[PDB]
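Chains as they are written, first to last, in the deposited numbering: chain V, 443 to 491; chain Y, 1130 to 1178; chain B, 1179 to 1227.
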Amino acid sequence: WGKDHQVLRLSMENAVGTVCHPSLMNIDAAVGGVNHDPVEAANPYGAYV
Amino acid sequence: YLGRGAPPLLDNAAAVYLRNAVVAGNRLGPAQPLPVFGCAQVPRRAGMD
Amino acid sequence: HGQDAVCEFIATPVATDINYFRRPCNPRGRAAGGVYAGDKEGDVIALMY
């Protein structure tokens, strides 16, 4: 109920401004920011072609 | 799409296709493009309750 | 019983939810008031149509 006791609704077509913007595909800050302090061998089985 | 902090989609058709699919009628949606220097200019509506 | 009142019918989509109707709302479908106008000149008559 919004202000005024009006019963309201959101749903998920409502998230199109957030997740349908090309911020979803931008991770370069993440992949570089987790890169530092290198990590051990990961048993590159499913990790290697 | 009211700000710019996002490197866009690399297909320029994809970018403009999705921008104005989202931005089409949004209550926040930019009135005129996001000026390079300027305010994002949320449209003002004839009335509010 | 008293002065006969007069009912009037505005054809509406059957698929208009009952919730816009479980409230004081406007019979036409949209707020027409000049109470809501922003006094930005043409607000009322934009506020409406």
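For each residue, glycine too, the CB sits at the ideal point set by N, CA and C.
is_contact[residue i, chain V] using C-beta, thresh 8 Å
i: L1163 (chain Y); result: no
i: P1159 (chain Y); result: no
i: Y1146 (chain Y); result: no
i: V1151 (chain Y); result: yes
i: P1172 (chain Y); result: no
i: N1141 (chain Y); result: no
i: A1135 (chain Y); result: yes
For residue i, the first and last residue of its enclosing alpha helix (DSSP H)
i: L1147 (chain Y); result: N1141 to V1151
i: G1134 (chain Y); result: It is not in any alpha helix (DSSP H) - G1134 (chain Y) carries neither H nor E in the DSSP assignment.
i: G1211 (chain B); result: Segment: none, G1211 (chain B) is in no alpha helix (DSSP H) and carries neither H nor E.
i: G459 (chain V); result: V458 to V461
Cutoff 8 Å: residue i Cβ touching any chain Y Cβ
i: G1216 (chain B); result: yes
i: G475 (chain V); result: no
i: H463 (chain V); result: yes
i: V458 (chain V); result: yes
i: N485 (chain V); result: no
Distance, residue j Cα to residue i Cα
i: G488 (chain V); j: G1134 (chain Y); result: 34 Å
i: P1162 (chain Y); j: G444 (chain V); result: 31 Å
i: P1137 (chain Y); j: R1173 (chain Y); result: 27 Å
i: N1197 (chain B); j: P1159 (chain Y); result: 30 Å
i: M1226 (chain B); j: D1217 (chain B); result: 14 Å
i: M454 (chain V); j: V1145 (chain Y); result: 22 Å
i: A1150 (chain Y); j: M467 (chain V); result: 18 Å
i: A472 (chain V); j: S465 (chain V); result: 12 Å
i: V1213 (chain B); j: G1176 (chain Y); result: 9 Å
Within-8 Å CB hit, residue i to chain B
i: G1176 (chain Y); result: yes
Assigned secondary structure, residue i (DSSP; H/G/I helix, E/B strand, else coil)
i: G474 (chain V); result: helix
i: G1220 (chain B); result: coil
For the region 1183-1200 of chain B, which residues have a beta carbon sitting closer than 7 Å to at least one beta carbon of chain Y? From the region 1183-1200 of chain B, no residue has a Cβ closer than 7 Å to chain Y.
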